[PDB]
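K.L.:
My structure is stored as upload-v1.pdb, with PDB, C-alpha atoms.
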ATOM      1  CA  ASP Y  39     -11.496  47.593  14.657  1.00  0.00           C
ATOM      2  CA  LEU Y  40      -9.970  48.655  17.970  1.00  0.00           C
ATOM      3  CA  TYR Y  41     -12.770  46.909  19.865  1.00  0.00           C
ATOM      4  CA  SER Y  42     -12.198  43.890  17.606  1.00  0.00           C
ATOM      5  CA  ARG Y  43      -8.629  43.415  18.840  1.00  0.00           C
ATOM      6  CA  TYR Y  44      -9.935  44.461  22.261  1.00  0.00           C
ATOM      7  CA  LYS Y  45     -12.045  41.286  22.063  1.00  0.00           C
ATOM      8  CA  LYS Y  46      -9.066  39.384  20.611  1.00  0.00           C
ATOM      9  CA  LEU Y  47      -6.385  40.316  23.162  1.00  0.00           C
ATOM     10  CA  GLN Y  48      -8.022  38.877  26.297  1.00  0.00           C
ATOM     11  CA  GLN Y  49      -7.835  35.391  24.750  1.00  0.00           C
ATOM     12  CA  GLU Y  50      -4.080  34.925  25.219  1.00  0.00           C
ATOM     13  CA  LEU Y  51      -4.572  36.869  28.451  1.00  0.00           C
ATOM     14  CA  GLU Y  52      -6.995  34.208  29.694  1.00  0.00           C
ATOM     15  CA  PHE Y  53      -5.066  31.549  27.745  1.00  0.00           C
ATOM     16  CA  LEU Y  54      -1.998  32.395  29.824  1.00  0.00           C
ATOM     17  CA  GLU Y  55      -4.234  32.695  32.897  1.00  0.00           C
ATOM     18  CA  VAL Y  56      -5.064  28.994  32.586  1.00  0.00           C
ATOM     19  CA  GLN Y  57      -1.371  28.500  31.821  1.00  0.00           C
ATOM     20  CA  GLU Y  58      -0.751  29.644  35.401  1.00  0.00           C
ATOM     21  CA  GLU Y  59      -2.433  26.597  36.937  1.00  0.00           C
ATOM     22  CA  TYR Y  60      -0.881  24.613  34.055  1.00  0.00           C
ATOM     23  CA  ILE Y  61       2.695  24.842  35.368  1.00  0.00           C
ATOM     24  CA  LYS Y  62       1.881  25.394  39.056  1.00  0.00           C
ATOM     25  CA  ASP Y  63      -0.049  22.120  39.233  1.00  0.00           C
ATOM     26  CA  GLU Y  64       2.492  20.379  36.990  1.00  0.00           C
ATOM     27  CA  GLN Y  65       5.588  21.574  38.848  1.00  0.00           C
ATOM     28  CA  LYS Y  66       4.280  20.572  42.292  1.00  0.00           C
ATOM     29  CA  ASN Y  67       3.446  17.055  41.072  1.00  0.00           C
ATOM     30  CA  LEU Y  68       6.899  16.727  39.499  1.00  0.00           C
ATOM     31  CA  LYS Y  69       8.250  18.199  42.748  1.00  0.00           C
ATOM     32  CA  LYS Y  70       6.583  15.367  44.656  1.00  0.00           C
ATOM     33  CA  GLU Y  71       7.872  13.083  41.897  1.00  0.00           C
ATOM     34  CA  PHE Y  72      11.337  14.542  42.480  1.00  0.00           C
ATOM     35  CA  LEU Y  73      10.903  13.996  46.217  1.00  0.00           C
ATOM     36  CA  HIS Y  74       9.891  10.454  45.275  1.00  0.00           C
ATOM     37  CA  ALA Y  75      13.118  10.309  43.261  1.00  0.00           C
ATOM     38  CA  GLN Y  76      14.971  11.198  46.467  1.00  0.00           C
ATOM     39  CA  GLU Y  77      13.675   7.973  48.012  1.00  0.00           C
ATOM     40  CA  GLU Y  78      14.949   6.153  44.901  1.00  0.00           C
ATOM     41  CA  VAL Y  79      18.622   7.114  45.236  1.00  0.00           C
ATOM     42  CA  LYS Y  80      18.403   6.558  49.000  1.00  0.00           C
ATOM     43  CA  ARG Y  81      16.897   3.113  48.380  1.00  0.00           C
ATOM     44  CA  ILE Y  82      19.959   2.050  46.381  1.00  0.00           C
ATOM     45  CA  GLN Y  83      21.647  -0.031  47.295  1.00  0.00           C
ATOM     46  CA  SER Y  84      20.241  -0.680  50.796  1.00  0.00           C
ATOM     47  CA  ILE Y  85      21.812  -4.008  51.903  1.00  0.00           C
ATOM     48  CA  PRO Y  86      24.249  -5.726  51.683  1.00  0.00           C
ATOM     49  CA  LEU Y  87      27.560  -3.862  51.317  1.00  0.00           C
ATOM     50  CA  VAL Y  88      31.299  -4.603  51.237  1.00  0.00           C
ATOM     51  CA  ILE Y  89      34.194  -2.602  52.696  1.00  0.00           C
ATOM     52  CA  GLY Y  90      36.687  -0.954  50.356  1.00  0.00           C
ATOM     53  CA  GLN Y  91      39.690   1.346  50.564  1.00  0.00           C
ATOM     54  CA  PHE Y  92      39.640   4.752  48.894  1.00  0.00           C
ATOM     55  CA  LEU Y  93      42.748   5.649  46.888  1.00  0.00           C
TER      56      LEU Y  93
ATOM     57  CA  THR R  37      10.601 -49.168  62.144  1.00  0.00           C
ATOM     58  CA  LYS R  38       9.710 -45.500  61.670  1.00  0.00           C
ATOM     59  CA  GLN R  39      13.184 -44.316  62.722  1.00  0.00           C
ATOM     60  CA  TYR R  40      14.346 -44.738  59.118  1.00  0.00           C
ATOM     61  CA  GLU R  41      11.801 -42.204  57.858  1.00  0.00           C
ATOM     62  CA  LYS R  42      13.013 -39.881  60.621  1.00  0.00           C
ATOM     63  CA  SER R  43      16.486 -40.053  59.084  1.00  0.00           C
ATOM     64  CA  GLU R  44      14.864 -39.432  55.694  1.00  0.00           C
ATOM     65  CA  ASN R  45      13.301 -36.261  57.103  1.00  0.00           C
ATOM     66  CA  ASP R  46      16.762 -35.361  58.406  1.00  0.00           C
ATOM     67  CA  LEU R  47      17.973 -35.462  54.796  1.00  0.00           C
ATOM     68  CA  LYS R  48      15.422 -32.745  54.034  1.00  0.00           C
ATOM     69  CA  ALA R  49      17.267 -30.644  56.613  1.00  0.00           C
ATOM     70  CA  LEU R  50      20.509 -31.621  54.867  1.00  0.00           C
ATOM     71  CA  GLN R  51      19.243 -29.785  51.769  1.00  0.00           C
ATOM     72  CA  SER R  52      20.021 -26.502  53.563  1.00  0.00           C
ATOM     73  CA  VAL R  53      23.306 -24.963  52.410  1.00  0.00           C
ATOM     74  CA  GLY R  54      25.920 -24.160  55.015  1.00  0.00           C
ATOM     75  CA  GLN R  55      26.580 -20.547  55.939  1.00  0.00           C
ATOM     76  CA  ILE R  56      29.984 -18.827  55.998  1.00  0.00           C
ATOM     77  CA  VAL R  57      31.881 -18.050  59.205  1.00  0.00           C
ATOM     78  CA  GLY R  58      33.350 -14.632  59.948  1.00  0.00           C
ATOM     79  CA  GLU R  59      35.048 -12.476  62.564  1.00  0.00           C
ATOM     80  CA  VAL R  60      33.315  -9.278  63.660  1.00  0.00           C
ATOM     81  CA  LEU R  61      35.386  -6.140  64.180  1.00  0.00           C
ATOM     82  CA  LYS R  62      33.208  -3.330  65.568  1.00  0.00           C
ATOM     83  CA  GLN R  63      29.933  -1.530  64.891  1.00  0.00           C
ATOM     84  CA  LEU R  64      29.264   1.811  63.218  1.00  0.00           C
ATOM     85  CA  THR R  65      25.592   1.867  64.274  1.00  0.00           C
ATOM     86  CA  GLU R  66      22.965  -0.648  65.384  1.00  0.00           C
ATOM     87  CA  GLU R  67      21.968  -1.106  61.727  1.00  0.00           C
ATOM     88  CA  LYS R  68      25.560  -1.342  60.399  1.00  0.00           C
ATOM     89  CA  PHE R  69      27.969  -3.998  61.707  1.00  0.00           C
ATOM     90  CA  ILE R  70      31.448  -4.685  60.330  1.00  0.00           C
ATOM     91  CA  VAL R  71      32.203  -8.394  59.919  1.00  0.00           C
ATOM     92  CA  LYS R  72      35.271 -10.011  58.360  1.00  0.00           C
ATOM     93  CA  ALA R  73      35.240 -13.560  57.017  1.00  0.00           C
ATOM     94  CA  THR R  74      38.124 -15.940  57.682  1.00  0.00           C
ATOM     95  CA  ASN R  75      38.997 -15.492  53.998  1.00  0.00           C
ATOM     96  CA  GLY R  76      39.840 -11.841  54.719  1.00  0.00           C
ATOM     97  CA  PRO R  77      37.136  -9.725  53.014  1.00  0.00           C
ATOM     98  CA  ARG R  78      35.123  -7.387  55.235  1.00  0.00           C
ATOM     99  CA  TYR R  79      31.384  -6.823  54.821  1.00  0.00           C
ATOM    100  CA  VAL R  80      29.067  -4.167  56.214  1.00  0.00           C
ATOM    101  CA  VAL R  81      25.693  -5.914  56.123  1.00  0.00           C
ATOM    102  CA  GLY R  82      22.343  -5.844  57.865  1.00  0.00           C
ATOM    103  CA  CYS R  83      21.082  -8.294  60.453  1.00  0.00           C
ATOM    104  CA  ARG R  84      17.951 -10.394  60.802  1.00  0.00           C
ATOM    105  CA  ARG R  85      15.294 -10.385  63.517  1.00  0.00           C
ATOM    106  CA  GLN R  86      15.905 -13.796  65.131  1.00  0.00           C
ATOM    107  CA  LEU R  87      19.282 -13.000  66.718  1.00  0.00           C
ATOM    108  CA  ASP R  88      19.897 -11.792  70.280  1.00  0.00           C
ATOM    109  CA  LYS R  89      22.112  -9.333  72.144  1.00  0.00           C
ATOM    110  CA  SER R  90      24.845 -11.961  72.577  1.00  0.00           C
ATOM    111  CA  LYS R  91      25.607 -11.739  68.846  1.00  0.00           C
ATOM    112  CA  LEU R  92      27.251  -8.299  69.025  1.00  0.00           C
ATOM    113  CA  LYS R  93      30.359  -9.177  71.078  1.00  0.00           C
ATOM    114  CA  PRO R  94      33.804  -7.534  70.930  1.00  0.00           C
ATOM    115  CA  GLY R  95      34.967  -9.292  67.768  1.00  0.00           C
ATOM    116  CA  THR R  96      33.795 -12.868  68.385  1.00  0.00           C
ATOM    117  CA  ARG R  97      33.630 -15.447  65.592  1.00  0.00           C
ATOM    118  CA  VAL R  98      30.206 -15.552  63.915  1.00  0.00           C
ATOM    119  CA  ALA R  99      28.621 -17.166  60.866  1.00  0.00           C
ATOM    120  CA  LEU R 100      27.373 -15.092  57.923  1.00  0.00           C
ATOM    121  CA  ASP R 101      24.382 -15.855  55.719  1.00  0.00           C
ATOM    122  CA  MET R 102      24.930 -16.967  52.128  1.00  0.00           C
ATOM    123  CA  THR R 103      22.861 -14.083  50.685  1.00  0.00           C
ATOM    124  CA  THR R 104      22.201 -11.145  53.037  1.00  0.00           C
ATOM    125  CA  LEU R 105      25.405 -12.130  54.908  1.00  0.00           C
ATOM    126  CA  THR R 106      23.476 -11.660  58.157  1.00  0.00           C
ATOM    127  CA  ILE R 107      24.574 -13.485  61.293  1.00  0.00           C
ATOM    128  CA  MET R 108      22.354 -16.422  62.241  1.00  0.00           C
ATOM    129  CA  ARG R 109      24.131 -18.242  65.081  1.00  0.00           C
ATOM    130  CA  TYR R 110      27.742 -17.925  66.231  1.00  0.00           C
ATOM    131  CA  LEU R 111      29.901 -21.055  66.464  1.00  0.00           C
ATOM    132  CA  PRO R 112      32.694 -20.759  69.057  1.00  0.00           C
ATOM    133  CA  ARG R 113      35.514 -22.473  67.119  1.00  0.00           C
ATOM    134  CA  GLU R 114      36.536 -25.639  65.288  1.00  0.00           C
ATOM    135  CA  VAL R 115      39.757 -27.660  65.584  1.00  0.00           C
ATOM    136  CA  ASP R 116      40.792 -30.811  63.703  1.00  0.00           C
ATOM    137  CA  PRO R 117      44.211 -31.532  65.308  1.00  0.00           C
ATOM    138  CA  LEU R 118      43.231 -31.072  68.979  1.00  0.00           C
ATOM    139  CA  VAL R 119      42.301 -34.721  69.592  1.00  0.00           C
ATOM    140  CA  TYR R 120      45.799 -35.930  68.690  1.00  0.00           C
ATOM    141  CA  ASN R 121      47.177 -33.756  71.498  1.00  0.00           C
ATOM    142  CA  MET R 122      44.524 -35.019  73.928  1.00  0.00           C
ATOM    143  CA  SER R 123      45.812 -38.597  74.054  1.00  0.00           C
ATOM    144  CA  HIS R 124      49.241 -38.117  75.655  1.00  0.00           C
ATOM    145  CA  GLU R 125      49.644 -40.168  78.828  1.00  0.00           C
TER     146      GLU R 125
END
Go ahead and render the structure in this file as structure tokens.

P.N.:
Amino acid sequence: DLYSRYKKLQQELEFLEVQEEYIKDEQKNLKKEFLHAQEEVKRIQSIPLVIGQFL
Amino acid sequence: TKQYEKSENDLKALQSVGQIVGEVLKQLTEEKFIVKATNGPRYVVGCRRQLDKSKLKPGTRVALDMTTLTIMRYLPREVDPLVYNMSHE
């Protein structure tokens, strides 16, 4: 019975071990997607522009 | 004979809309110029690739494009009444 759970418990161990590359690969993509989102806000509005007075 | 068709081809050039004149003020950078139309609004706009170094100027009258508002070619001035003052003798 104790070896039973001993063969059960490494599942979520290894299931969270593959969950390591899960986030790490996901977060770096989204990081590059967030860096791509930095080009977005810097793209807007590009040209042209009009002068205005701050109040 | 064919000079009439030449004037017809000139009408194809007449299809081009006229641009809007403006007075430059100064420049923030090479990519940002401050121009002010005769109507009074000021515009910070980009410029196109066909212009030259003589466009910059210290606040010389220029013409602005109808869309990008970029300067194409600068016209020196225009005056209607001048000719009536030319004829005094």

K.L.:
Which residues are near stretch 105-120 of chain R? Cut-off 6 Å, all atoms listed in the file, ignore same chain within fewer than 5 positions. Put them as an MDAnalysis selection string.

P.N.:
chainID R and resid 82:83 98:100

K.L.:
Output C-alpha atoms of each residue in that selection to a file, as a tab-separated table (two decimals), in the coordinates of the input.

P.N.:
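And here is the file that came out, again.tsv:
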chain	number	residue	atom	x	y	z
R	82	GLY	CA	22.34	-5.84	57.86
R	83	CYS	CA	21.08	-8.29	60.45
R	98	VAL	CA	30.21	-15.55	63.92
R	99	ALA	CA	28.62	-17.17	60.87
R	100	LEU	CA	27.37	-15.09	57.92

K.L.:
Rounded to one decimal, what separation in Å do you get between atom CA of residue Y:86 and atom CA of residue R:61?

P.N.:
16.7 Å

K.L.:
Written as number ranges by chain, which residues does the PyMOL selection byres ((chain Y) within 8 of (chain R)) give for the file shown?

P.N.:
Y: 85-89

K.L.:
At what distance in Å, to one decimal, does atom CA of residue R:59 lie from atom CA of residue R:92?

P.N.:
11.0 Å

K.L.:
Quick one: distance from atom CA of residue R:87 to atom CA of residue R:50 in Å, one decimal?

P.N.:
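Between atom CA of residue R:87 and atom CA of residue R:50 the gap is 22.1 Å.
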
K.L.:
Apply the PyMOL selection byres ((chain R and resi 55) around 7) to the file shown and report the selected residues as a list in words.

P.N.:
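Going through the file, the PyMOL selection byres ((chain R and resi 55) around 7) ends up selecting residues 53, 54, 56, 57, 99, 100, 101 and 102 of chain R.
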